> 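The structure follows.
All values below come from the heavy atoms of this structure, side chains included, with hydrogens, waters and symmetry mates left out. Just so it is clear: chains get the letters A, B, ... in the order the sequence lines come, proteins before strands, and each one is counted from 1.
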Amino acid sequence: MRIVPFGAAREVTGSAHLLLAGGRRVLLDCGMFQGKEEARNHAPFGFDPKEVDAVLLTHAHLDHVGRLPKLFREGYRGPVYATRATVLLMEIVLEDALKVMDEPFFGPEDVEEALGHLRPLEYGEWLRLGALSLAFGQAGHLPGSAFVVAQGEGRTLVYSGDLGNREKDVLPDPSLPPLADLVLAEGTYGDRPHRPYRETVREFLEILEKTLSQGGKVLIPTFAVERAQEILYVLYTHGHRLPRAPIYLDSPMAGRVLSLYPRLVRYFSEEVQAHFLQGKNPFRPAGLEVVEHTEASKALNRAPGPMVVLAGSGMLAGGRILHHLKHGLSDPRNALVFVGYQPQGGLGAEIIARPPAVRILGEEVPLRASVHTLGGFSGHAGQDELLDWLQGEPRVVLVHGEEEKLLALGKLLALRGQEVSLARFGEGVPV
RNA sequence: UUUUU
Ligand SMILES: [Zn+2]
Ligand SMILES: [Zn+2]
């Protein structure tokens, strides 16, 4: 049995790993590259898509399913297994990819063709290919997210996919993986733990209470797939102690995802399922408004607070959020709250450096608004959680992380008496 | 830590 990394090697985007065992070739994920590597989505896979027997997708995020349609575009016609939630979410993520894609590398037909081969596979259901046995494990990173357990030829492999931050409340706790001969694991936060969640929430509530009281605007850059909805959940469960204010989910995509959530009730934590059982959607706080078009979106830039605005891009790389920052950063009564990681080198990092004035949309703008960074909202297991999940595993191969981050985790794993390496692109690893 | 008017 062997596993060949074909993305997310010494980097975070591009997840796709070819499992060679049981007499078959199974591709684990097939995400796109994002950021500076984006052009690479136009380059070849490094393997023959027509020679793939099946595909399993851990979760709906673009860096795990973005290249799936290129796979079909290039001949693949086999099944693609994923949980119903991933299937449902993927549809939304793929349609959006088409629209907002600079230089596309697949077309609408490649997408309908890809979605056409999706077959449901839920946690605790074994898939059988030749002498290979595959199952999904609970990852707690997104609704329907999972890690993969592959057993064949007398050996056991586990592919973590992306693990969640078990401290948060929306998703259920990640399951522990089975004891394996090899674990291909992510290490996004290999260098450090996250600030405790409960502590992050209180600080979050304090910032909102303070800002909305003085009639200011609370600007929140958010990702449309789970982050935004998680914020609303907090607003619903604790907003009772906040001054009255409209909450604008200024993201059509986050809107579509929100609408889908009630259909995915069983994929959330017991806490969230219990709310739904009482007929109460915990993702819809009082004052929730979903902004569909540009006109109303821009109108918010000139309308006074108090208000809470949720918008993308979550990493400030374009989107309505920029327009809100352009017109709201100059007012000291407002507040910019980051609830997700900002890649060093980008606009977020600059803002956080607190310079006298940052440049947005081709223009310098004074930075008077207060700024906060709540990494505690992260959707990835922090180093400490990564260490707990990996506990007792003889061998670990690290992917999905910046080289330094992966090294930091590796150092600790090696010191713990566990064999570890940083996966290399195309370099098969025996299981 | 991944699309977005
Ligand atoms: Zn993810
Ligand atoms: Zn990922």
> Write down the distance between CD (A/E91) and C1' (B/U3), rounded to a whole number of angstrom.
18 Å
> Identify whether any heavy atom of A/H380 sits under 4.0 Å from a base atom; if not, whether one sits that close to sugar-phosphate; answer base, sugar-phosphate or nothing.
sugar-phosphate
> Kindly compute the distance separating CD (A/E203) from CZ (A/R195), expressed to the nearest 0.5 Å.
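So the gap between those two atoms works out to 4.0 Å.
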> Rounded to whole angstroms, how far apart are CG on A/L300 and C1' on B/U5?
14 Å
> Among the candidates B/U3, B/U5, B/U1, find the nucleotide nearest to the side-chain atoms of A/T188.
B/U1
> Give the rounded distance in Å between these two atoms: CZ of A/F33 and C1' of B/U1.
15 Å
> Remember a base hit wins even if backbone is also touched, and classify A/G66 as base, sugar-phosphate or nothing at under 4.0 Å, heavy atoms.
nothing
> What integer distance in Å separates A/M315:CE from B/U2:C1'?
6 Å
> Counting only heavy atoms not in A/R263, do more than 12 fall under 6.0 Å of its CZ?
no
> I want to verify a distance call: between B/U2, B/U1, B/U5, whose nearest atom is closest to the A/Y189 side chain?
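Closest of the options to the side chain of A/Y189: B/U1.
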> Could you check A/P252 against A/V339 and say which one's nearest nucleotide on RNA chain B is further toward the 5' end?
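Closer to the 5' end of RNA chain B: A/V339.
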> Please give, in whole Å, the distance from B/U4 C1' to A/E95 CD?
16 Å
> So what does A/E38 touch, heavy atoms closer than 4.0 Å: a base, only the sugar-phosphate, or nothing?
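If one applies the 4.0 Å heavy-atom cut-off, A/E38 turns out to touch a base.
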> Describe the nucleic acid contact of A/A311 in one word from base, sugar-phosphate, nothing, applying a heavy-atom distance below 4.0 Å.
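The answer is nothing, as A/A311 stays clear of every strand by at least 4.0 Å.
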> Is it the case that more than 12 heavy atoms not belonging to A/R395 sit under 6.0 Å from its CZ atom?
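Atom CZ in A/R395 is packed in, count exceeds 12.
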> Please give, in whole Å, the distance from B/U3 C1' to A/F105 CZ?
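It is 11 Å, rounded to the nearest whole Å.
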> Give the ring-plane orientation class for A/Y236 versus A/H275, where under 30° counts as parallel, over 60° as perpendicular and anything between as tilted.
perpendicular
> Mind checking the NE2-NE2 spacing from A/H400 to A/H17? Nearest 0.5 Å is all I need.
9.0 Å
> I need the CZ-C1' distance between A/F223 and B/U4, as an integer number of Å.
11 Å
> Figure out the NZ/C1' separation between A/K99 and B/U3, and round it to whole Å.
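It is 14 Å, rounded to the nearest whole Å.
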> What nucleotide, of B/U1, B/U5, B/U4, holds the atom closest to the side chain of A/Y341?
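Of B/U1, B/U5, B/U4, B/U1 is nearest to the side chain of A/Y341.
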> By the 4.0 Å heavy-atom rule, please label A/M101 as base, sugar-phosphate, or nothing.
base
> Does any N or O donor sit under 3.5 Å from an N or O acceptor when you compare the side chain of A/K298 with the base of B/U5?
no
> By the 4.0 Å heavy-atom rule, please label A/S251 as base, sugar-phosphate, or nothing.
sugar-phosphate
